[PDB]
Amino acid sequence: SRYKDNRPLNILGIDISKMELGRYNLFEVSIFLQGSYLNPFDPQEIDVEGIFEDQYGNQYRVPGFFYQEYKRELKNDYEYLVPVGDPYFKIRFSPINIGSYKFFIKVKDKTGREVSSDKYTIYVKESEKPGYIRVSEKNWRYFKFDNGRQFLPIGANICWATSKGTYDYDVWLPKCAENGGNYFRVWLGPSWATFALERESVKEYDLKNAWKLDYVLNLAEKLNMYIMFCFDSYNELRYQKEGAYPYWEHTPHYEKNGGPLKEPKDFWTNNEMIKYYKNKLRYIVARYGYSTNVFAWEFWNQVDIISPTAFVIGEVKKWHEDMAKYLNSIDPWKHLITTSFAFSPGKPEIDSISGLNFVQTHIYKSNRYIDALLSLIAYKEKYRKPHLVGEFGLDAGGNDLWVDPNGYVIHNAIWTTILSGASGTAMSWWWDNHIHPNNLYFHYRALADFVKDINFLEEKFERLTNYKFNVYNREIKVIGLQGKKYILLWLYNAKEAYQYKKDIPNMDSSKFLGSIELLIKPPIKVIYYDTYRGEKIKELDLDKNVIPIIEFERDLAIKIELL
């Protein structure tokens, strides 16, 4: 209990960030106090709250959180954080309505004593921010912002940094954002992770790592990127002898390391662990919940491959139901909630829970992965909620980077997923050793420029069917969406799409390869699109349902507009 206090509860100071701000922007209160508490991360020891009310009478109860300021520096190849000042408490709020708000601070400590502040008034003006990310009510396959515009996630996993820490995100995030990226995922466990909150303990949270997460979230805010926060990874509950990057023996949850658990199975039902996990969720909501740049709360990375001694499907299901209910109940902004599985088909008993707002797939497969992605997307339509292919790669032991230095595998997956009805792109691994050094961002820019001007929420898109190729010299296949106004096609050569040795491909718009006839009524306009240069190649008006296919090397995109 390094942060204990033993004085009569009193507020000693309050600082307010701004008195006027824009819709969905951060309003931050700093509270200096003394009191009696052993653990500032435990609301039973000290409970700080901000009570906000808009001019319509809506009220928000925002938990406060313990904070230490740091100043970052680089010591050669590692980030080092110098503490600045004493730690204190903060409230972070975001107004969803414009107009006036009133608020006050309340504090209670373990003695039962309570103190509070006077009431303060702030004023909120309109802003450009679209709001929080929600499931679309118009098409359950997709996400929207509160303002009704679509959110199509385009990005990759960017889950931790090197020892350079936040300085790596300074490099990776602007490059992603300038190439159409609006999404990434970070890990808040296991204890070695850049943003690990449970670093030394499951009862108290790491203020340096939390500060790094603030920094990265603030950078996302500047770049219009949206983050999935993964709270825990399976490694925490996997024994050394089980392999697959196990970490039980080193995790703070284990009794050997000061935690409450004798074995990982007890994580789901141990009363002390559940209490501390709820405190962690409260801390996460308090510190990050204000942010519209939090796309989703993800409980687990690959919960199915915790130790087999610990995976009890009914208990894991009940825990997800109960924690989703708790997290929603305390999150004033009701961010989306999900969880993930290593097994590509997932676990229906958990994926079907109403408290999980969207489902995911992880898949690492080297052979015929285009067909595997299409099959999994078709299958998970049964859930009638969005589907994110949250991890994707070859099954090559991490050698994707030397088998496919040009990123054709990523290329194939992002086109396949977004034109098959997934909520966004397949999310690659290998951000640090492949995507960045091989400069693969151009693949995402080309795809973003092809999709961004169509409202997917309103096209009534369906996986393409009812087509017939007429092609003689080759084996061409298609992944397609058919909508009320647009038909989006991705064509690929089955004999070239899975070979990765050659340089970037061309196309010849003066030469005819074959045709594809579709069940659509002319007249139509056809745009042919180079998926590597991200450029329109040719445009053609037609009064039949027969689309000529121009010569191309590897793959080609076609945008058809019904007139």
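The numbering used is simple: start at 1 and walk along the sequence shown. Note that the rigid core is defined as the largest set of C-alphas that superpose within 1.5 Å between two forms.
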property: Greater Cα displacement in 5 other deposited structures of this protein once the core is superposed, comparing 269 to 277 with 394 to 402; result: 394 to 402
property: Between 499 to 507 and 514 to 522, larger RMS Cα displacement in 5 other deposited structures of this protein after core fit; result: 499 to 507
property: Segment of higher mean CA temperature factor, 286 to 294 or 321 to 329; result: 321 to 329
property: Mean Cα B-factor comparison, 487 to 495 or 435 to 443, giving the higher one as deposited; result: 487 to 495
property: Selection from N39, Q68, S30, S510 [criterion: highest C-alpha temperature factor in the record]; result: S510
property: Deposited CA B-factor, highest of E475, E204, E272, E255; result: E475
property: Within-chain third of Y215 by Cα B-factor, per the entry; result: lowest
property: Chain third (lowest, middle, highest) by recorded CA B-factor, residue given as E349; result: middle
property: Assigned third (lowest, middle, highest) for the C-alpha B factor of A396; result: highest
property: Lowest, middle or highest third - CA B-factor, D304; result: lowest
property: Within-chain third of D266 by Cα B-factor, per the entry; result: middle
